[PDB]
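A short worksheet on the structure shown next.
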Protein chains: 12
Amino acid sequence: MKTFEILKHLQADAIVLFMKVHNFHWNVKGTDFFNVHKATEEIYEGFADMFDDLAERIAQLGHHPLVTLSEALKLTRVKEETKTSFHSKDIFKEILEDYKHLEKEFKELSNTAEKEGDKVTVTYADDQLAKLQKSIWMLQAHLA
Amino acid sequence: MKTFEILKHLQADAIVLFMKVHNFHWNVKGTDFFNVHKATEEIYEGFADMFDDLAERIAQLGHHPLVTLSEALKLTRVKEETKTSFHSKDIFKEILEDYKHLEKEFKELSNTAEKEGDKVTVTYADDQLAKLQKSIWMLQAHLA
Amino acid sequence: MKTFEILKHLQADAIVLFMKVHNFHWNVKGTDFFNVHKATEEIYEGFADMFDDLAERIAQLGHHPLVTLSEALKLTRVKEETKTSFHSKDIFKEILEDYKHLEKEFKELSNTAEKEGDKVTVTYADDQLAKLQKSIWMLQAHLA
Amino acid sequence: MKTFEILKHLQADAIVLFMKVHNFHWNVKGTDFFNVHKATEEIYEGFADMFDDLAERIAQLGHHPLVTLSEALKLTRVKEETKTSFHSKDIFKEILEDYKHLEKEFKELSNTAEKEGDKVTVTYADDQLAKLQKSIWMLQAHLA
Amino acid sequence: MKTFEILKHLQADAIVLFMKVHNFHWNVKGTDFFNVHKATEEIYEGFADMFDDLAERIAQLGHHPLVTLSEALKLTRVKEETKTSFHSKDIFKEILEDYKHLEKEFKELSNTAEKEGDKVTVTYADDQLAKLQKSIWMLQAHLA
Amino acid sequence: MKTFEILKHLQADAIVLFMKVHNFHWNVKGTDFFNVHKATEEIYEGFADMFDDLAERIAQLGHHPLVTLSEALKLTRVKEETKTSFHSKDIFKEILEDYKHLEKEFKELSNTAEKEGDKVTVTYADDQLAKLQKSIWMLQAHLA
Amino acid sequence: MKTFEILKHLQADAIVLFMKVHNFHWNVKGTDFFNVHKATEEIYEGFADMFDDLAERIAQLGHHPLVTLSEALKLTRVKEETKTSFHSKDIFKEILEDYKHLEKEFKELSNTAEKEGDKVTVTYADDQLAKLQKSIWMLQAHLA
Amino acid sequence: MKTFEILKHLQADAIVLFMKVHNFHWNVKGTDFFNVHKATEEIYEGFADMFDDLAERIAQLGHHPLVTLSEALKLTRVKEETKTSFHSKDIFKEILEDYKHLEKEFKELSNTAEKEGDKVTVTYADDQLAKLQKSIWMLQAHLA
Amino acid sequence: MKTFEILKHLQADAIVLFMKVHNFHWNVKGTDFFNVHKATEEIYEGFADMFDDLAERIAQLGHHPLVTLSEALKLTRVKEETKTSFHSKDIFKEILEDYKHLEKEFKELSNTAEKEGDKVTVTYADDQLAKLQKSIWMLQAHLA
Amino acid sequence: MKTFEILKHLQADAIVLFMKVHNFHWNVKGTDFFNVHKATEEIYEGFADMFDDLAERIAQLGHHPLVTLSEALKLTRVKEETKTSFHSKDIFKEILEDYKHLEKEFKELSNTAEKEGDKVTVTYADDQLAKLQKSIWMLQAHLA
Amino acid sequence: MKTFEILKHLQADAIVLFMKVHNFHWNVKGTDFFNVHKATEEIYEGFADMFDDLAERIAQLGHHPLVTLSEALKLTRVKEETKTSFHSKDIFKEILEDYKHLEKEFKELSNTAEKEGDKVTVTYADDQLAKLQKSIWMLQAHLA
Amino acid sequence: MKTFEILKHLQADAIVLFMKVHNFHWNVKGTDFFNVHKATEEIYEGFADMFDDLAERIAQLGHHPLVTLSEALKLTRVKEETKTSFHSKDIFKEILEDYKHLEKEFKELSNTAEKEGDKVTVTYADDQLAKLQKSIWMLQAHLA
């Protein structure tokens with residue numbers, strides 16, 4: 001895909017992941033409620049920020065960001081979670097895999113943008129890689 | 001509808017309106033760009049906050065908030081805007097009508113919750129009414 | 001009176017009371033100067049804030065707030081004080097009675113607005129009642 | 001009971017619950033020490049704030065708040081806990097039930113005050129209901 | 001006029017101009033609503049601050065500041081505006097002329113106070129001149 | 001008494017004195033209302049902080065702080081005040097004597113802890129002595 | 001006197017007045033202790049700031065500020081107060097007269113500096129006049 | 001050009017553009033005065049910051065930054081604007097073209113520095129590209 | 001010269017002096033590097049602020065501030081420094097003389113503006129005199 | 001040992017314990033990752049601060065603090081941990097024992113310094129005792 | 001001497017040392033002007049704070065602090081410096097010796113107060129010892 | 001070396017350099033004490049931060065950071081300084097060479113990580129290069 005296409009598919013993923021973790025946040029139960037409730041809040045707010053950042057990047061490239069939730073559902077690589085009951089460990093296992101997916105895509109974003117000479121998208125992509133790698137490391141350690 | 005049902009339909013409206021104004025924000029053009037760009041940012045962030053507030057309210061009542069974007073599209077009373085080109089005046093005219101819709105619904109929320117003896121949802125609903133009435137007044141004055 | 005009429009008469013009272021306490025502030029003498037000088041500053045600034053709040057409320061209802069000081073003098077229930085010399089105790093006795101008047105009127109505002117289904121003016125009115133009741137309690141205790 | 005009587009019994013409950021959770025705070029042991037130690041600090045400080053708020057409300061109504069700890073023990077509906085050893089889960093189970101008791105009483109406070117036309121106590125009571133409902137929801141989720 | 005007399009007439013102008021711009025603020029309509037609404041807020045708050053400053057100056061000179069709104073209407077050189085409908089350009093044109101009037105008067109204040117050896121009123125007057133000259137320059141540029 | 005016993009009796013005094021001054025705070029009347037109302041707020045908040053500090057100290061020594069208000073009433077050296085009406089001078093006279101009592105006890109706390117080699121309780125005790133001596137000096141000067 | 005000589009005599013007065021009010025501060029007794037204790041703190045800190053300001057002004061003119069307390073006692077127009085017991089009213093009466101003295105001297109400072117074309121000392125002097133006139137007005141009102 | 005030469009020519013452009021927009025800032029007239037006046041302030045301050053940043057970069061490379069305004073005029077690619085009267089739209093059109101020029105040059109800076117293995121200048125250059133691309137996007141949207 | 005002409009020549013000096021000290025800042029060497037590097041930063045930022053202040057003053061008088069760097073070089077009384085190597089002492093000696101020049105000119109500005117009845121430029125000029133006199137005093141002391 | 005010798009051995013312990021807990025911090029795994037990761041960060045930063053404090057104390061006594069890591073390893077009483085895998089409970093058990101060691105040593109520091117009349121080291125030592133006793137109490141409670 | 005007598009002699013020293021270093025501050029010349037000018041400001045402000053602290057301590061003990069500068073000159077152990085010209089090194093050498101004197105006296109203060117059982121003066125004295133020892137160490141290192 | 005190996009050797013250097021500059025900090029003497037004392041504090045805190053940053057980077061790559069000070073001494077390229085006496089110039093000369101070493105290594109880190117496609121370590125490395133180049137430039141200028 002071209003840079004702007006990778007960006008638009010990521011923007012779709014971001015809002016879908018926002019919604020998914022928003023769902024986790026309100027439906028988490030058990031002895032680790034307070035840590036997971038707080039963590040999921042930070043995680044979905046991060047996806048919301050990513051949604052905004054990606055839109056900004058698409059616009060600056062001269063293209064239209066996502067127009068509708070319908071378009072987000074069309075472009076997303078992320079499956080919608082319909083469950084309302086889950087274990088806290090499974091939540092973090094799920095989020096971890098979503099992080100690993102995003103990491104793969106941002107690496108591709110970085111490589112594709114560099115080939116096009118899009119220096120600004122490279123910077124953005126590599127900065128997101130840094131944030132993702134920290135998040136992945138912590139979740140992996142927690143689940144170890 | 002029962003209180004929690006009104007709340008869930010509002011939560012659906014909130015995210016759909018977030019997306020709609022997010023679209024306006026990135027696609028606004030013309031001599032009033034800077035004022036409308038800034039205003040639309042504040043407006044969609046307000047809808048995002050409403051989304052969170054409504055979810056909180058639904059959860060505290062012992063029900064599940066929206067689980068997916070699919071469910072949001074199912075429950076919403078708001079039509080998705082597919083356009084990417086518009087005049088700044090039309091943006092504010094659209095948002096005004098959306099505000100008027102939300103005002104009607106929050107009034108119903110307030111009345112229904114009071115009848116059920118749900119004092120906390122009444123407070124929340126009336127506070128949202130206050131915010132909506134200010135927003136409506138300003139947009140009406142601007143378009144006058 | 002209708003809600004907006006009660007509001008406009010209150011707005012008139014607010015500016016007249018602002019002026020009255022502004023006069024007290026600059027003309028207070030005696031051993032309790034520093035406490036009364038400071039208290040009267042806080043009191044007239046409170047009336048100034050009320051003036052603004054009431055104007056906002058009238059405008060949002062689709063009516064015109066006070067246009068002139070002439071109109072304020074016409075609508076006010078508060079007598080203008082022409083004196084420049086007084087005792088600090090008499091100042092607080094006067095202000096107390098003005099507070100009691102405002103309390104009566106805001107109670108009426110709350111009841112009238114509720115009957116009209118004006119939920120936002122009810123909230124505003126009850127919040128002002130809270131502030132007035134605290135002020136009344138302190139002045140009563142001071143004069144006891 | 002009249003409004004001021006409900007308020008005085010609540011003020012008694014507040015200080016007794018402050019003491020109870022203060023005891024929990026200093027005597028909690030085990031792997032969840034740090035979360036429960038911190039949570040119990042926030043909880044007893046909340047009861048201390050409630051004690052102050054209720055006193056303020058009683059005074060403004062023209063009555064005397066609690067004068068002594070003896071009077072608090074006389075009026076309280078809350079049993080004093082003499083234990084110094086407990087499990088962290090039992091602490092939260094206890095606090096939950098105390099919250100549910102307070103919720104019942106504040107609902108009664110709200111209804112009784114409204115019938116008397118005491119608009120300010122209604123506002124206070126409904127605001128406390130909001131805080132209690134959030135606390136109850138979180139504890140219920142944690143214990144689920 | 002003597003210094004204190006110029007000051008008292010200015011104090012009268014300040015509150016009358018406060019009221020006038022307060023009226024503009026709530027009644028402004030049209031595409032430049034948000035800029036004019038905000039500007040008029042800053043302008044009337046400036047007149048309110050001037051009212052306070054002038055009162056302080058009169059008191060420190062051993063005289064009584066304005067006692068009533070009646071006295072303000074008697075002493076003012078500013079005509080009360082009864083209109084509730086106007087164009088945003090006309091608002092700024094009006095305010096500009098009011099600024100030019102105030103500038104003339106503060107220049108006289110400065111000259112008269114210097115002749116009397118009132119060094120403190122000179123400083124105050126010249127500082128107000130600075131603020132007025134900035135405001136005039138901006139309004140003139142806007143209307144050019 | 002041993003260190004922890006002195007500490008527990010002080011903790012009992014702290015909450016009883018909190019309650020006593022809380023009572024003074026809400027029931028003070030007269031021309032010095034505002035100064036005494038504010039002073040009594042600071043004083044009872046100081047006793048509340050002392051209650052917390054003493055509990056912390058007892059716990060760190062490996063003992064249980066006060067468990068109940070019943071236990072506080074058993075251990076206290078302070079008489080409960082049942083009055084609701086008093087003069088502001090008598091309030092400060094009472095508090096002064098309570099301060100002098102606390103000063104005696106903290107001196108004993110310091111001496112006893114030093115003999116036991118409890119260096120941390122010595123530091124705490126001497127710091128409280130400093131705070132008490134300032135408070136005593138001011139009240140003595142006020143009543144002189 | 002020349003400008004720098006007026007400044008040096010003022011610097012001497014400032015430290016002597018600092019000491020005088022420092023003495024008042026620590027020795028004030030009676031029912032108005034807390035207000036006078038606080039006021040005297042602000043007053044002596046003001047004289048300390050004046051001491052620094054005057055030194056700065058003398059240095060910038062190419063002269064040496066006060067070198068010793070001996071030199072301050074030599075140059076001062078202010079009598080040292082040896083008393084340790086006084087009434088709070090007498091304190092404010094004394095300070096008032098000291099303010100009136102400083103006012104006379106700063107007026108002379110302003111006039112002398114202007115004649116020499118020392119524009120910076122004029123600004124400083126007139127600013128100090130403003131501060132003195134406010135202080136005088138408040139003390140006069142308090143003693144009225 | 002070598003890296004340091006590109007940097008020095010950019011530093012020259014920065015100060016010339018600072019001056020140009022400084023001129024626009026003070027000479028802008030018309031109904032959009034307040035937005036353009038504010039925007040031009042932010043724009044020239046940005047060029048001033050760029051001037052400083054570029055100087056820092058040149059120095060760290062072991063070369064001398066611009067020594068004089070004469071040298072800036074010699075090295076600049078930007079034409080000096082002698083006009084004092086213009087339309088607000090033309091101002092933004094001009095600035096846009098200047099931004100596009102700077103964008104071209106910073107891209108070259110980034111490429112040249114990378115070829116030399118100057119990793120720090122690459123980072124700086126790409127960061128400036130990001131800022132320029134945002135500015136260009138907004139001006140383009142405004143003029144669309 | 002007329003006031004606005006003195007101001008425009010000063011504005012020219014300000015930017016030329018900014019550039020001169022900017023050059024010193026980046027080229028200073030030796031054991032006092034860190035103090036001189038920091039001092040020169042503060043000094044050139046001061047000249048930059050003066051440039052802005054003078055422009056503001058010229059505009060408010062109804063004239064055009066400097067339009068170009070060419071015009072600055074034409075109007076300046078300050079010689080451009082082409083050197084890149086110097087001793088830190090010589091830097092401060094140079095800056096001192098530039099300060100003394102500015103002091104002479106601002107004194108003339110103050111006198112000329114007063115004769116014209118331009119009270120606002122007098123205030124500005126005298127305030128700048130104060131800042132210059134402090135700077136001169138410190139540099140003189142350092143070089144003594 | 002003399003005071004300075006106890007201090008130098010403590011400084012050695014501090015850096016060795018810093019390193020040990022730094023190792024724990026990065027290698028902690030499991031369901032309590034986030035609490036232990038955060039706690040270990042605070043703990044090693046505390047040891048780093050202690051390292052600095054002890055160095056300061058040694059220097060002020062006229063001796064040289066630790067010069068090298070070699071010297072730290074020579075003087076330390078703490079065994080280096082070579083493991084990279086451990087349970088979170090064992091981490092806290094280890095740290096607890098290290099705290100108990102430090103407590104013993106700081107008690108000796110306090111006693112030895114007092115005998116020498118080193119009042120400042122006594123204060124420092126007793127303050128560290130306070131911090132250690134809190135830390136010990138919390139870890140003991142957590143492991144209970 | 002008794003505790004209060006040591007304190008009063010120290011209070012005398014504090015103001016005399018304030019004056020001495022105030023003199024140094026304004027009369028320092030040479031290449032190290034900026035460091036010594038700043039250091040002497042911090043030093044004399046420290047002596048001013050000590051003056052206040054000592055007065056507080058004397059008052060709390062039931063005695064009168066210094067009443068006059070005459071009494072300060074009578075009680076002081078510090079010789080007044082009449083010089084206006086000195087080297088920066090000599091300034092620090094002088095201050096060092098003054099610090100060493102204060103250190104001796106505060107050690108005596110600590111010992112004497114402990115013998116009297118004055119725990120609060122011991123704490124104060126030892127805290128001042130800490131501050132003095134840091135200051136001495138830095139000056140000694142600077143002069144080494 | 002592989003990326004993680006370069007990182008681990010750098011982490012070893014960081015703590016060894018921390019210790020070295022910590023030693024300089026406490027043992028610096030002479031007329032430039034205050035500047036060098038402060039500079040060395042900032043420098044060793046920078047090395048401490050680098051130690052933490054490098055550990056984070058190693059962990060995120062799935063490897064173990066330094067476990068012990070023994071391992072740091074094994075891996076370090078930096079010679080331990082045993083001296084306690086030195087000239088301030090020699091300190092900065094030493095630190096400069098250490099900076100130049102770190103610069104070489106971070107350049108290698110950047111190149112090696114890029115070849116491996118480790119985009120996050122490249123960003124980190126280049127950011128550290130920027131910080132090092134600034135530090136080197138300042139030290140070189142100071143020693144010139």
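Chain labels run A, B, ... following the order of the structure tokens; each chain numbers its residues from 1, and ligands are numbered from 1 in the order shown.
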
- Just the residues within 10 Å of residue 91 in chain I, please, counting only C-alpha atoms, with nothing from its chain fewer than 3 positions along; format it as a ChimeraX atom specification. /I:20-21,24-25,28,36,40,86-88,94-96

- Message: Env of range 127-140 of chain I: 10 Å cut, atoms = only C-alpha atoms, seq-sep filter 3 positions within chain, self excluded. Answer as a ChimeraX atom specification.
- Response: /G:56-57,59-62,118-121,123-124 /I:43,46,50,92-93,95-100,102-107,110,121-124,143-144 /K:29-31,33-34,37

Selected residues written out with N, CA and C atoms, as a short mmCIF file (atom, residue, chain, number, x, y, z; two decimals), in the first residue's frame:
data_model
loop_
_atom_site.label_atom_id
_atom_site.label_comp_id
_atom_site.auth_asym_id
_atom_site.auth_seq_id
_atom_site.Cartn_x
_atom_site.Cartn_y
_atom_site.Cartn_z
N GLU G 56 19.71 50.17 46.16
CA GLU G 56 19.86 49.98 44.72
C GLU G 56 19.94 51.31 43.99
N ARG G 57 19.04 52.22 44.34
CA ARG G 57 18.95 53.54 43.74
C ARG G 57 20.22 54.38 44.00
N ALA G 59 23.28 53.22 44.76
CA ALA G 59 24.38 52.57 44.04
C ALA G 59 24.40 52.94 42.55
N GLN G 60 23.22 52.89 41.91
CA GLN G 60 23.09 53.19 40.48
C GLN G 60 23.44 54.64 40.15
N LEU G 61 23.33 55.51 41.15
CA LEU G 61 23.71 56.92 41.02
C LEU G 61 25.21 57.15 41.21
N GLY G 62 25.94 56.09 41.55
CA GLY G 62 27.40 56.15 41.71
C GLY G 62 27.86 56.48 43.12
N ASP G 118 16.81 63.64 36.82
CA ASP G 118 16.93 62.23 37.18
C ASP G 118 15.56 61.54 37.04
N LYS G 119 15.24 61.14 35.81
CA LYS G 119 13.93 60.58 35.47
C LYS G 119 13.60 59.26 36.17
N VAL G 120 14.63 58.45 36.41
CA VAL G 120 14.46 57.13 37.03
C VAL G 120 14.11 57.22 38.51
N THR G 121 14.74 58.16 39.22
CA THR G 121 14.43 58.38 40.64
C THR G 121 13.03 58.99 40.80
N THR G 123 10.43 58.30 38.83
CA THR G 123 9.53 57.15 38.67
C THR G 123 9.46 56.34 39.96
N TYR G 124 10.62 55.97 40.49
CA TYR G 124 10.70 55.25 41.75
C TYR G 124 9.96 56.01 42.87
N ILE I 43 21.10 39.50 26.98
CA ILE I 43 21.29 40.82 26.36
C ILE I 43 20.66 40.92 24.96
N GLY I 46 16.95 40.92 25.14
CA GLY I 46 16.52 42.25 25.57
C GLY I 46 16.42 43.23 24.41
N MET I 50 13.14 45.06 22.87
CA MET I 50 13.16 46.50 22.57
C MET I 50 12.71 46.78 21.13
N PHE I 92 32.05 42.86 26.89
CA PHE I 92 31.35 43.66 27.89
C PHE I 92 31.67 45.15 27.80
N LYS I 93 32.91 45.48 27.42
CA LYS I 93 33.31 46.87 27.18
C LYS I 93 32.52 47.47 26.02
N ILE I 95 29.51 46.32 24.74
CA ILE I 95 28.10 46.36 25.13
C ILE I 95 27.83 47.56 26.05
N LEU I 96 28.74 47.82 26.98
CA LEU I 96 28.65 48.97 27.89
C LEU I 96 28.50 50.28 27.11
N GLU I 97 29.35 50.47 26.10
CA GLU I 97 29.32 51.69 25.29
C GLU I 97 28.02 51.80 24.49
N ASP I 98 27.54 50.66 23.99
CA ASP I 98 26.24 50.60 23.32
C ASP I 98 25.10 50.97 24.27
N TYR I 99 25.16 50.47 25.51
CA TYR I 99 24.20 50.86 26.55
C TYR I 99 24.22 52.37 26.80
N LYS I 100 25.42 52.94 26.91
CA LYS I 100 25.57 54.38 27.14
C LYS I 100 24.98 55.23 26.01
N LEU I 102 22.47 54.12 23.97
CA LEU I 102 21.02 53.95 24.12
C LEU I 102 20.45 54.84 25.22
N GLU I 103 21.17 54.93 26.34
CA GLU I 103 20.79 55.80 27.45
C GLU I 103 20.65 57.26 27.01
N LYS I 104 21.63 57.77 26.27
CA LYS I 104 21.60 59.14 25.74
C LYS I 104 20.36 59.36 24.89
N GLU I 105 20.07 58.40 24.02
CA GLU I 105 18.96 58.49 23.06
C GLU I 105 17.59 58.41 23.72
N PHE I 106 17.46 57.53 24.71
CA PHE I 106 16.20 57.40 25.45
C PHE I 106 15.92 58.63 26.33
N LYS I 107 16.97 59.27 26.84
CA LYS I 107 16.83 60.55 27.54
C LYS I 107 16.27 61.62 26.60
N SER I 110 12.64 60.87 25.86
CA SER I 110 11.81 61.29 26.98
C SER I 110 11.54 62.79 26.96
N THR I 121 4.76 57.89 25.51
CA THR I 121 6.15 57.68 25.10
C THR I 121 7.13 58.09 26.20
N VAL I 122 6.77 59.12 26.97
CA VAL I 122 7.55 59.51 28.15
C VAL I 122 7.66 58.35 29.15
N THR I 123 6.52 57.73 29.47
CA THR I 123 6.49 56.60 30.39
C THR I 123 7.36 55.46 29.88
N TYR I 124 7.14 55.06 28.63
CA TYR I 124 7.95 54.03 27.99
C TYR I 124 9.44 54.38 28.06
N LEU I 143 33.63 45.67 35.25
CA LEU I 143 34.84 46.10 34.55
C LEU I 143 35.76 46.96 35.42
N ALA I 144 35.30 47.26 36.64
CA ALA I 144 36.05 48.10 37.58
C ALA I 144 37.19 47.34 38.26
N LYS K 29 33.32 44.76 43.18
CA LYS K 29 33.78 45.11 41.84
C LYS K 29 34.62 43.96 41.26
N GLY K 30 34.82 43.98 39.95
CA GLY K 30 35.78 43.07 39.31
C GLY K 30 35.17 41.95 38.50
N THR K 31 36.04 41.10 37.94
CA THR K 31 35.64 40.06 36.99
C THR K 31 34.69 39.00 37.55
N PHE K 33 32.25 39.82 39.59
CA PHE K 33 31.13 40.63 40.10
C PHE K 33 29.82 39.85 40.18
N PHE K 34 29.42 39.23 39.08
CA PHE K 34 28.09 38.62 38.97
C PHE K 34 27.85 37.45 39.92
N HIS K 37 28.06 39.22 43.60
CA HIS K 37 26.85 40.03 43.74
C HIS K 37 25.66 39.14 44.08
#

- Report the distance between CA of residue 70 in chain A and CA of residue 109 in chain A in Å, rounded to one decimal place.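 Between CA of residue 70 in chain A and CA of residue 109 in chain A the gap is 23.5 Å.
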
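The closest residue to chain I, picked from L:63, L:83, L:38, L:8 and counting only C-alpha atoms, is L:38.
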
- Item | Check: which chain F residues lie within 8 Å of chain D using only C-alpha atoms, as a PyMOL selection string | chain F and resi 16+19-20+22-23+26-27+55-56+59+64-70+73+80-84

- helix (DSSP H, G or I) call set, DSSP backbone run, range 26-135 of chain B, as JSON, numbers by chain: {"B": [26, 27, 33, 34, 35, 36, 37, 38, 39, 40, 41, 42, 43, 44, 45, 46, 47, 48, 49, 50, 51, 52, 53, 54, 55, 56, 57, 58, 59, 60, 69, 70, 71, 72, 73, 74, 75, 88, 89, 90, 91, 92, 93, 94, 95, 96, 97, 98, 99, 100, 101, 102, 103, 104, 105, 106, 107, 108, 109, 110, 111, 112, 113, 114, 115, 119, 120, 121, 122, 123, 124, 125, 126, 127, 128, 129, 130, 131, 132, 133, 134, 135]}
